[PDB]
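Before any questions on how it binds or moves, here is one chain, the form solved without the partner chain, in structure tokens.
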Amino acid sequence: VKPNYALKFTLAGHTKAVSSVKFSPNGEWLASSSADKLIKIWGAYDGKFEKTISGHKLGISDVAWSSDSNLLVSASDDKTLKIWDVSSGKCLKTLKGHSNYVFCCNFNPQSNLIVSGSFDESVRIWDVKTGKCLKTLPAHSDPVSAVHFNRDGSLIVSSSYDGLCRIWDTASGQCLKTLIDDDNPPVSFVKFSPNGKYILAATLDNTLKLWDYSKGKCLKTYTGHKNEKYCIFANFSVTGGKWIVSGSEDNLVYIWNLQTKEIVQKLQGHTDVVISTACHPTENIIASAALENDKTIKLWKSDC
């Protein structure tokens, strides 16, 4: 079976490259972040513009939702993270402590903590209520390209240009595993599978890989796209068929069959690098966003 994703909406408004798109867990909203220093909110099902959220002083590279869809955290070049109340648009907290650009961010499932990764080569863990840095992980020896909590928040996976993926025990800070193949290309994205058993990792050699991290083994490899320059998000599409979804530097959205590794769809329309894809939590919907010769978000819908 192959998906039949088809373009439903293009969403425009950001005045510079879009960095990140994320669907709210309750499925009503898409949040977009951009080099133009702005967060924008759109309806998930029609892409209707809802509001702009602002306050960061430099461009934004990531945004993530709290589990209750009430809060957003953003990661900015201004070396801060901001906790936002979506409904009011106010900045609730400014998270300071990184000494270089903040590049990536995520809530834990309970949404009482935020993880961040920075150009300063560290991972930071933040208390959402107080906005205080709980812990700093000297996580890597190069910029941290992604950080992600597992299904219950007890683990953090980070990726870095130093070529490593590291799994951290959230509470103890201990590095439980360091993962690397037989080469060391920069790792530009990583995230746990929904079941927590795997990490999906992008490396800047045009390769995605599915690792059983417990066993420390690569179970699947996905190729055919173009990824050598940008930290492009990748997804497990789970609502219908089990796909792997990623943007690509040839301006396409790639969709692979997770089991077989075959490319099953390529979504055309973007006119620049598709930096970010997101999968709707209940509907077979993909959101994708592109860099500075495009600056738009597209919503794609599939029957399966």
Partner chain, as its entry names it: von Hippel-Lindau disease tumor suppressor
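Numbering follows the first chain given and starts at 1. Under this definition, the rigid core comprises the largest set of C-alpha atoms superposing within 1.5 Å between the forms.
Choosing between 181-189 and 70-78, the greater Cα displacement from the shown form in 9 other deposited structures of this protein, fitted by the core, goes with 181-189. Note on 224-232 vs 207-215: mean CA B-factor is higher in 207-215.
When the C-alpha B-factors of 80-88 and 117-125 are averaged, 80-88 comes out higher. Of all the options 268, 34, 237, 246, the entry's greatest CA B-factor is assigned to 268. Among 278, 58, 39, 264, the highest C-alpha B-factor in the deposited entry belongs to 264. Sort the chain's modelled residues by C-alpha temperature factor and residue 103 lands in the lowest third, per the entry. Compared with the other modelled residues of the chain, the Cα B-factor recorded for residue 62 ranks in the lowest third.
In the PDB entry, residue 75 places in the lowest third of its chain by CA B-factor.
Ranked against the other modelled residues of its chain, the C-alpha B-factor of residue 274 as given in the entry falls in the middle third. In the PDB entry, a CA B factor belonging to the middle third of its chain's modelled residues is recorded for residue 132.
We do not show the form deposited with the partner chain bound, though everything after this point is about it.
The partner chain is not drawn, but in the bound PDB entry it has no heavy atom within 4.5 Å of residue 99. The partner chain is not shown here, and in the bound PDB entry it never comes within 4.5 Å of any heavy atom of residue 132. Contact check for residue 142: a heavy atom falls within 4.5 Å of the partner chain in the bound PDB entry. Contact between residue 90 and the partner chain in the bound PDB entry is not found at the 4.5 Å heavy atom cutoff.
In terms of contact with the partner chain in the bound PDB entry, the residue from 184, 94, 172, 223 that brings a heavy atom within 4.5 Å is 184. Residues of 151-176 lying near the partner chain in the bound PDB entry, listed in sequence order, are 161, 162, 163, the criterion being any heavy atom within 4.5 Å.
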